[PDB]
Each structure stands twice: as C-alpha cells, then as structure tokens.
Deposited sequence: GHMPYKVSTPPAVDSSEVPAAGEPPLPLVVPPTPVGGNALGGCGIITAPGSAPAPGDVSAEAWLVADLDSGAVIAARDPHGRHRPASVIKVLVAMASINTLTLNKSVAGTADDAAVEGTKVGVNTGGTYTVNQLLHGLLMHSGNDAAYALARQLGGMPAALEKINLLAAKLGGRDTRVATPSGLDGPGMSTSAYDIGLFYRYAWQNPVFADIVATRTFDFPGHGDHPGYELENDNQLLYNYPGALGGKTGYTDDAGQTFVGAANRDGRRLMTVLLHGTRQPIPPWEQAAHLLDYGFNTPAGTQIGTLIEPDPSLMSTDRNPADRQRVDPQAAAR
C-alpha cells in the first residue's frame, strides 16, 4: 500500500518536524536514560506539546494502538451489550484474557481485558462487534483521520504488525488525549483489578492491570504498554499532579537502560519540571463530531 501523504507543514506546528530532541529555548536537558527513538510529552488539558523527539517520525505502534478500537467501541457500542466469544478470538496470537466459545462478554468487560492486559482476543472480539475486521479497520482508520492522525494507518486493531501499519508519537498523543477526555476510558485505564467473567466450566478470575507506572508513579492515571519485533518497545502513560495533567508517549524504544515505564516516568518528571505554559507546538483538536454524543413510553 502507498505511504500516507506527509502534510506540507508538520501538524501541530513547524517545530514538530525535526529529528532528535526538541525542547523550548533555555529548558533543562532531556532525560538520558530514554531509549525511545521517538517520544512526546504533552498537556492533556491544554494540548500543549512540551517536548518531543522525532514527534512526526513514522513508526509502528504495537499494542498502544488499541486506544482506537477501544474508543470506536466506547463511542458506537453500548457498554452492557453482550458479545458472544468465538474460537477465532482465542485463535489470535499474543496475550489473551480468555475470550472464547461458550463465553458471553459485555463490551465493558472486553474493554477492561483489552486495556488492562492488552488482550488481543478482546480486540478481535470488539472488531467483529464493530462489523468484522474490514468494517472495524475502516472505522478505526476513520477515527484516526478524524482525530488528525495523518501519520496513522492501522493494519490491525490489536497492534500486531501488518502491511502499511504506521503511526507517530504525535498521533498516539492525539488519540490518547481524546480517549482520556472520555470518563469511561479514563476509569478503565486507572483500574487496578477487575472481575473478568468465566464461561462454562471456565471460572471467572481477577484481572490485574499490567501497567507498572500506575502502581509506582504518584498521581499516575495509568497507561498502555506495547512491543513487537518491528515496533520495539512502545509506551503511553499519564499523571495528574496538582491539576496539571501530563501525558508521555514513547515509540521504538528498548528495555535498556531501564524499563519502558521508568523511561516514561522520567519524561513525565521532565514535563512537570518544565515551566507551566511551555509549548513547542500543540495537539490539534478532534473533529467536532467526535466531541459530543447523539442519542416504552407510548400511551398505553
């Protein structure tokens, strides 16, 4: 498939087009124990990009791209709506939360499995519920486009590598800023333990959130991990300290010299350590249609 057009001016501001580390004039040096080849630090409320490295460079997202199938689902599917599991859901590769034949799962439960344990089976199930893989990918990429994600083409809902798969640290920032503005999404990613339904002879179990930033970083709102052979380590994390809500995105990193979540902690530290109002660019606003919602009693 042909590559996506590169915009004539970097989206969010001219400064966001460069390689390497971009910071406001006079600012402190960026953390040196970050191995992410691309990253972003941004304000969730104002949309200000505080600092970045190759923010518009194109890289694979791995599992952090799950934000799009999650929001497509939250937007268009009823939370208590029951979805029947299939063997196809269980047949997907990678991490799974136990979605299978003979199982019934609410969209809500699938979303917790999707986001707390990166359940690829939950992703696949939601994709069928969005109308099967072709329709799901069309909706996911429509959502990406309507959020201004002009670097983003999604090959799979789960983040598994596929032809044409691409995103940027900026775009991922766009997607998670939008997602964190939805209380349903916010609640889920902040959730430490969740009762996941069993099925048939399979019993329910307590699902735990895999995200270490959530446990170890004070003020953390949570986040999302990822890794594939092509993407390397990816990570999104956010925190609220004294009303300042910062987000960091990491792409194409490694687990050296410190784990990805700890690299993220340092970038968040760096972000809080920059003066408020600092801005090298902005996360552009979603299409207006994405920011509002469109919705027995007869005389008898």
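Residues of the deposited sequence missing from the coordinate set occupy positions 1-24, 320-325, 331-334.
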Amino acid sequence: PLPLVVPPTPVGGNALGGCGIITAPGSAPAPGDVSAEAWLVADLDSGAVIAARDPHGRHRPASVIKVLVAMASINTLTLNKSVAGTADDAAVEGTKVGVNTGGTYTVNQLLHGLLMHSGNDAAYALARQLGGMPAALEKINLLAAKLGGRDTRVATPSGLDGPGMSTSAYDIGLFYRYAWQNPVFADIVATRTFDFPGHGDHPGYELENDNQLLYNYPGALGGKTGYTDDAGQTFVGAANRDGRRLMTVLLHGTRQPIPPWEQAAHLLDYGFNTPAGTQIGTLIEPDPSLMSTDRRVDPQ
From here on, numbers count along this sequence of modelled residues.
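If you average the C-alpha B-factors over 62-70 and over 230-238, the higher value belongs to 230-238.
Set 269-277 against 44-52 and average the Cα temperature factors; 269-277 ends up higher. Taking only the listed residues 139, 146, 150, 128, the entry reports the highest CA temperature factor at 128.
Taking only the listed residues 159, 113, 173, 200, the entry reports the highest CA temperature factor at 200. In the deposited entry, the Cα temperature factor of residue 1 sits in the top third of values across the chain's modelled residues. Compared with the other modelled residues of the chain, the Cα B-factor recorded for residue 214 ranks in the middle third. Residue 124 sits in the middle third of its chain by CA B factor, as recorded in the PDB entry. In this PDB entry, residue 177 carries a Cα temperature factor that places it within the lowest third of its chain's modelled residues. For residue 284, the recorded CA temperature factor ranks within the lowest third of the chain's modelled residues.
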